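Presented as structure tokens, the chain that follows is alone, the form deposited in one PDB entry.
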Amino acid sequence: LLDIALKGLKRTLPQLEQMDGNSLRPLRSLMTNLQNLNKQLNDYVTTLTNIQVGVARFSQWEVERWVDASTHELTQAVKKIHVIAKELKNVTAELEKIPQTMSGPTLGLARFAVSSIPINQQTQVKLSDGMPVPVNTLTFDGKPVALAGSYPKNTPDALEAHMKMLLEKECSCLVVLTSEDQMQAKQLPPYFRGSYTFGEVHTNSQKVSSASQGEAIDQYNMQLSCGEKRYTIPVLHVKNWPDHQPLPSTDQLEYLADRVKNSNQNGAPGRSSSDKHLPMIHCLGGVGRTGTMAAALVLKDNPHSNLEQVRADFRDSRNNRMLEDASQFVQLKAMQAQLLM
């Protein structure tokens, strides 16, 4: 059955690949092959096929009533169709490679390759329009703890997706762990500092002098704007946390955990959208320091939590690298000890 869903996909793709805007005024075939394939490969396809392309869904291509629109409104669709097709070439390879584990789809928006920093599928964040982002909803003991991702890739599309997510998921706060020296060594965008326009989203972040005085943290107030929507999310930038290492003292971790918890902490217990009002955390890779920070927030919510289960649950909801590095795990243990004392 896949002999068809593969060849009939190894020819239909290059068709959409080569398509213009008005060249839209294969698609019924492409979806046929996919429906046929319909495991870890099917969920990958389900996600892609579910991305909205014209206030609808690619798995619809009401689309006709919409096409007959402006030259501009069709180019934005074709461009979206190029992105999906590009991704689908992955399924082509996975079949042509003839599947228990599959990272969620990355529309080239991910900073690091999934082969190095994988993205668990079922917990991968998706926007209202179903566009997947390189972020995972870390969960411990069945409950979502934070949105962890790698440092946003330096591309207008990746940053636009990052900000859209911040505004839509209404994250309690943004927590950046990379130092000024690391940011200025890998050229990470200080997107959380000034004013930038990333697509349909505008961001204006002003430093909060009163709370950025300490020699360890710079706090900002970030105002995001998109259409009729507005949303301000506090930002916590840690400057004294060297990569691949724990904080200078166990007290600084606890302090860090406190300020993160004491900056928004909104969100309702047992809420249906357990995906909202969570802190968005990132260092360079969304695994090391990011994992620790998140773990530290777990101990503050409940200092009894089994740190080994925290680690195992963080690995099932993002990847195997969460909390690698013994150095940091030892500090967590120390932290828990004080909280228990």
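Take the two forms, superpose them, and find the largest set of C-alpha atoms that agree within 1.5 Å; that set is the rigid core. Note that residue numbering begins at 1 and tracks the sequence as displayed.
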Next item on the list: Please say, as none, 1 to 3, 4 to 9, or 10 or more, how many residues of the deposited sequence are without coordinates in the interval between residue 68 and residue 69.
Entry: 1 to 3
Next item on the list: Using the PDB record, quantify the missing residues of the deposited sequence between residue 38 and residue 39 as none, 1 to 3, 4 to 9, or 10 or more.
Entry: 4 to 9
Next item on the list: For the higher mean C-alpha B factor in the entry, choose 302-310 or 47-55.
Entry: 47-55
Next item on the list: May I ask you to compare 122-130 and 244-252 by their mean CA B factor in the entry and name the higher one?
Entry: 244-252
Next item on the list: Go through 326, 322, 9, 332 one by one and give the residue whose Cα B-factor in the PDB entry is largest.
Entry: 9
Notebook entry, point to check: Quick one: which of 262, 137, 103, 116 has the biggest Cα B-factor according to the entry?
Noted result: 262
Note to self: Quick check for you: using the entry's CA B-factors within this chain, is residue 213 in the lowest, middle or highest third?
What the structure shows: highest
Margin query: Split into thirds by Cα B-factor across the chain's modelled residues, where does residue 157 land: lowest, middle or highest?
Written below: lowest
Notebook entry, point to check: Compared with the other modelled residues in the chain, in which third is the CA B-factor of residue 221?
Noted result: middle
Item checked: Relative C-alpha B-factor of residue 149, binned into the chain's lowest, middle or highest third -> lowest
Checklist line | residue 99 CA temperature factor, ranked by third within the chain | finding: highest
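There is another form of this protein, the form deposited in another entry, and it is not shown here; the text below is about that form.
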Checklist line | 2 Å-or-more CA mover between the shown form and the other one, where superposition uses the core and the choices are 222, 226, 77, 109 | finding: 77
Item checked: residue 288: Cα shift of 2 Å or greater between the shown form and the other one (core-aligned) -> no
Margin query: Please state whether residue 322 has a C-alpha shift of 2 Å or more between the shown form and the other one, with the rigid core used for the fit.
Written below: no
Next item on the list: Superpose on the rigid core, then tell me if the C-alpha of residue 56 is displaced by 2 angstroms or more between the shown form and the other one.
Entry: yes
Next item on the list: Compare the CA separation of residue 213 and residue 181 in the other entry with the one in the displayed structure, and answer closer or farther (the difference is at least 3 Å).
Entry: closer
Next item on the list: Based on a C-alpha change of 3 angstroms or more, tell me if residue 212 and residue 175 lie closer or farther in the other entry than in the shown form.
Entry: farther
